[PDB]
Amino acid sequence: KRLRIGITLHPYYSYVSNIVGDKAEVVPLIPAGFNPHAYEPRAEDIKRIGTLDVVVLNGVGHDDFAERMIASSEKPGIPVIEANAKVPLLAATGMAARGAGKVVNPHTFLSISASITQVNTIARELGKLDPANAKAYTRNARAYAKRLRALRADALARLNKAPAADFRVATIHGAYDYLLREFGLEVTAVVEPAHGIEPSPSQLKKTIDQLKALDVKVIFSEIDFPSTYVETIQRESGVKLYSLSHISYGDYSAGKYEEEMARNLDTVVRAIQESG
């Protein structure tokens, strides 16, 4: 004792740290500065799972590497918190065609409302494991949710007018479908054919031709692990470029999620305000 809680992605470090405080230890599975899309399990990181009591998973497609790390560890039967067990999932593409047709968008963590649902699931499941700190977990979860709710409200407060009917939005990476739904907006197109997959020159050309035909106004690119082909899209479509954070780069911290979500929500507001 204390509880040793494993995490996979940076947003989950933030949720858990804000729920536990000093009552437990938040242990990242994979190193800081690693790209979760590129990550291939290492004996190094698999060997630390044996020191944990519970692992908090996204479990809906953004941390399959962790399910394999646990399976290859000293604790293959380690208690697991399915953080998205009560989150309604969007079925955004793709995962391609001749692999898996229509799948689930695993970026629930890039939503304020689905974040609050995840925070509540984690605080309840940790409460069941650590009954002595169940009250503190719940108190801290409610207070974190109030700050997440205020973050969204204060960002939307900056929006004078709703986007026009012709306001179409595209993204490089299919991470922002949940974020944009907070504005009542839909992503017209995703450039990546499947999650974390680079398009072929022919696939990129077809997409550029679709952004031009569909009159897409703005494109949301990556700050974290940027792509080489975004300037080609700029050079061929005449679409305005804005960048968003996937909350996957740098050091793990409690504040990281709310710091980067505030910047994301302000970038989306700036993109709307700059449409008129």
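Throughout, we count residues from 1 along the sequence that is shown.
- Looking at the entry, does 90 to 98 or 199 to 207 show the higher mean C-alpha B-factor? Taking the mean C-alpha B-factor of 90 to 98 and of 199 to 207, the larger value falls to 90 to 98.
- Comparing 114 to 122 with 99 to 107, where is the mean C-alpha B-factor higher? The stretch with the larger mean CA B-factor is 99 to 107.
- Message: Among the choices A164, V187, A83, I172, identify the one whose CA B-factor in the record is greatest.
- Response: Highest CA B-factor of the listed options: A164.
- Which has the highest CA B-factor per the PDB entry: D130, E192, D177, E182? Top of the list by C-alpha B-factor: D130.
- Task: Would you please rank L151 by its C-alpha temperature factor against the other modelled residues of its chain and give the third it falls in: lowest, middle or highest?
- Result: Highest third - that is where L151 ends up once the chain's C-alpha B-factors are sorted.
- Message: Splitting the chain's C-alpha B-factors into thirds, which one does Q273 fall into?
- Response: CA B-factor rank for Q273: middle third.
- Query: Considering only modelled residues of the same chain, in which third does the CA B-factor of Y242 rank: lowest, middle or highest?
  - Reply: For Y242, whose C-alpha B-factor we compare with every modelled residue in the chain, the answer is the lowest third.
- Message: Ranking every modelled residue in this chain by its Cα temperature factor as given in the entry, which third contains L265?
- Response: It falls in the middle third of the chain.
- Message: Taking only the Cα B-factors deposited for this chain, tell me whether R235 sits in the lowest, middle or highest third.
- Response: As the PDB entry reports it, the C-alpha B-factor of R235 lands in the highest third of its chain.
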